[PDB]
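Trainee: Right, I'll just put the structure down here and ask away after.
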Amino acid sequence: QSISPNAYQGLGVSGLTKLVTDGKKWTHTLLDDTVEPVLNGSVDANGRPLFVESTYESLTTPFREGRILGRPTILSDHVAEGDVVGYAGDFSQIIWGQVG
Amino acid sequence: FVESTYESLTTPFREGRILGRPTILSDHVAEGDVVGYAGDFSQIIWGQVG
C-alpha cells in the first residue's frame with residue numbers, strides 16, 4: 150500500500166480494505182522514523198494537519214507511540230529497506246523464542 | 200465518525216449509535232454483495248424446544 154499523499158487514506162481506508170477482504174485483522178502498525186515527513190504532511194483540503202492539533206507544539210500522536218484508529222503504533226530507526234517503510238497487520242501471527 | 204487526532208476507534212464500532220439507532224457488529228454476516236442490514240429487528244422472533 151502506497152501512503153505518501155495522505156496517510157489516513159493509506160492506513161485507515163485503502164490499507165485496511167486489503168486485510169478485511171481476506172478476513173484478516175489489523176492489530177498494530179510498525180513504522181520507520183523516515184515516515185515522519187509524510188505523516189506531518191498529510192493535510193485536509195484547507196492545509197491543516199490531520200494527526201496534530203492546536204498550534205502544532207507537540208509531535209503527531211502516532212510519533213508519541215499513540216494509536217491510529219485504536220491500533221497501537223510502533224516506531225523504529227531500522228525497519229525500512231528498499232521501497233518498504235513499514236508494516237500494518239496482525240502481529241499476533243508471529244512467535245519467537247531464545248534457547249539459553 | 201471519529202474526531203481530533205483520530206487515535207480512538209470509529210464510533211459505530213465500539214457499538215455506539217448512529218442517529219440514535221444502536222449498531223450491532225459481527226464477523227460473519229456478509230455474503231455475496233451484502234455487507235449488513237438496517238431495519239426494525241422487532242419484526243423477527245425465534246424459539247428453541249428444550
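Residue numbers (the authors' numbering), protein chains in the order written: chain Hf, 150 to 249; chain He, 200 to 249. We put the CB at the ideal spot given by N, CA and C, even for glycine.
From the beta carbon of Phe212 (chain Hf), is the nearest beta carbon of chain He less than 7 Å away?
Mentor: No, no contact with chain He.
Trainee: Among He:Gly231, He:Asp232, He:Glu230 and He:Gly238, which has the Cα closest to the Cα of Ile223 (chain He)?
Mentor: Of He:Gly231, He:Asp232, He:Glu230 and He:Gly238, the residue nearest in Cα terms is He:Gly238.
Trainee: Taking C-alpha atoms, which residue in Hf:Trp175, Hf:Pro211, Hf:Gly249 and Hf:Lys167 lies nearest to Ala156 (chain Hf)?
Mentor: The shortest C-alpha separation from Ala156 (chain Hf) is found at Hf:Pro211.
Trainee: Compare the C-beta of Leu218 (chain He) against all C-beta atoms of chain Hf and say whether one is closer than 7 Å.
Mentor: So, not an interface residue.
Trainee: Does the CB of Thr204 (chain He) have a neighbour CB from chain Hf at under 7 Å?
Mentor: Yes, because at least one Cβ of chain Hf sits closer than 7 Å to the Cβ of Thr204 (chain He).
Trainee: Strictly below 9 Å CB to CB, what residues from chain Hf border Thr222 (chain He)?
Mentor: Result: empty, since nearest Cβ-Cβ is about 15 Å, beyond 9 Å.
Trainee: Does any residue of chain He bring its CB to less than 7 Å from the CB of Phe240 (chain Hf)?
Mentor: No, because no Cβ of chain He sits closer than 7 Å to the Cβ of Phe240 (chain Hf).
Trainee: Checking the sheet assignment: what are the DSSP bridge partners for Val201 (chain Hf)?
Mentor: DSSP output for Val201 (chain Hf) lists no bridge partner at all.
Trainee: Can you name, in chain order, every residue of its own chain whose Cβ lies under 8 Å from the Cβ of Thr183 (chain Hf), other than the five neighbours on each side?
Mentor: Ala229 and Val234.
Trainee: Below 7 Å CB to CB, which residues in the same chain sit around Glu202 (chain He) once its five sequence neighbours on both sides are set aside?
Mentor: Nothing meets the Cβ criterion.
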